[PDB]
């Protein structure tokens, strides 16, 4: 059972297709849109429905050049680690045994381990946070979260900040494992993100059900000859 299986009918809905047409228009209107069109759905590409172990919800994609590439909180290789990710790495360094500060902010290897890095809004106008928040992306990601709720068992949801917490209100807290904390951005991280211990807690839950825990130290694609 795949994303396409469960999302094919949602993807033929006017709200969804129209969201995409608005983006495609915007990309030609004089404005740059992030991430590139081929990257918008990368969270789905790297972590199939049946591979989802951890869901980390973000809200908006990074809105600067070279930053967003379709995975919540991640940036491309060579790009500076943005403040929300830095605070994530800090909590990790203080909680996960052996973890040290990565020299990059690329989280693809989290996704390849089953960490679904899903923003509720999947595109953004350059430099303008929340600029596409009233297209239909929230309806689409509402549906995505609902399907995960329904079609999977024992997934851990990490819900950072009020927006994500509301988004995840529908999730079965008996069938899945839901953890809440304030958002890791500088504005709220010292008001409960630090100390939330979500990364260890996720791993323990996974372990207690026979699943491999997540290696949260992210790794860059390697060099070849």
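Positions refer to the first chain, counted from 1.
Per the entry, higher mean C-alpha B factor between 172-180 and 53-61: Stretch with the greater average CA B-factor: 172-180.
Quick one: say whether 157-165 or 181-189 has the higher mean Cα B-factor in the deposited entry. According to the entry, 181-189 carries the higher average C-alpha B-factor.
Check the PDB entry and point out which of 149, 113, 94, 141 has the largest C-alpha temperature factor. Among 149, 113, 94, 141, the PDB entry lists the largest C-alpha B-factor for 113.
Third of the chain, ranked by Cα B-factor, where residue 105 sits: Ranked within chain, residue 105 CA B lands in the lowest tercile.
State the tercile, meaning the lowest, middle or highest third, of residue 32 with respect to the CA B-factors recorded for its chain. Ranked within chain, residue 32 CA B lands in the middle tercile.
Third of the chain's Cα B-factor distribution that residue 198 belongs to, per the entry: CA B-factor rank for residue 198: middle third.
Which third of the chain holds residue 126 when residues are ordered by C-alpha B factor: lowest, middle or highest? For residue 126, whose C-alpha B-factor we compare with every modelled residue in the chain, the answer is the middle third.
Ranked against its chain, the third holding the CA B-factor of residue 82: Tercile = lowest for this residue's CA B-factor.
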